[PDB]
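Take a look at this one chain, the form deposited in one PDB entry, written out in structure tokens.
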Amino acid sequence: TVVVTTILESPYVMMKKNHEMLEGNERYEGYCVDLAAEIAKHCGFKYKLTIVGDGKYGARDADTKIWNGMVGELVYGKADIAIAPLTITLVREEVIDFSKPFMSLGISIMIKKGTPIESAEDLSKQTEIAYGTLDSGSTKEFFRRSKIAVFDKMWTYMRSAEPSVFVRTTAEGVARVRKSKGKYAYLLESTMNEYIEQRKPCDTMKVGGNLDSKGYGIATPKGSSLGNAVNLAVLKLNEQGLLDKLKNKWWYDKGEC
């Protein structure tokens, strides 16, 4: 029975409305819940969905070099596979294995509707509207490491921002935009931004182009025997059109705005 680490992040993994009357894997639904079922089916394994203990994606502590989040769970042998919106990055690919990507994304800007910001450049050029990112994820590192002038300017601002502009979860970033009467903008992956734009109260919007282009991968411990089969299953699901089918199911058929 494969221990799968994943994260409560809509619409990837969500507790079902009636989750309290249900047990095990059946408590959960979402894109990655269906994806998990499919990968397991093709690789012929049984599995247990577990929600990452610390609620994080995964970053390395600069001082201890200890990994947190789903990454750390694989690295420390606490999970067998991570099936989640987990961004394929160079620092991570050095410690864990990733499948070929199952979904594309880029960093994007979420505003409360009516906010006068069209681009990352607009953000960078003003101080009235605060902005930040998720903690312990790939978006923060993009800004941390960027040498592109606009993104470096944005970073120099964000990291010294008082009070803090960073949030612990996506939901927190989104609620922060919604309650902030236009004075907070949130930097987050286009997948998540586009999902939220189609849900009530319909008061947010993605503006501008994506800042980069990347993908999510299924992740396994280095040298895991599961990595081969899991990668081939991602390629098969894509070619059968199932990945396209699932994006449609979870994003646009679940639309409200």
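C-alpha atoms forming the largest set that superposes within 1.5 Å between two forms make up the rigid core. Each residue number is its position in the shown sequence, starting from 1.
A second form of this protein, the form deposited in another entry, is not displayed here; the remarks below concern that form.
A movement of the C-alpha atom of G182 reaching 2 angstroms or beyond is seen between the shown form and the other one when the two forms are aligned on their rigid core. Taking the rigid core as fixed, one finds a CA shift for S104 smaller than 2 Å between the shown form and the other one.
Here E94 does not count as shifted, since its C-alpha moves by less than 2 Å between the shown form and the other one after the core is aligned.
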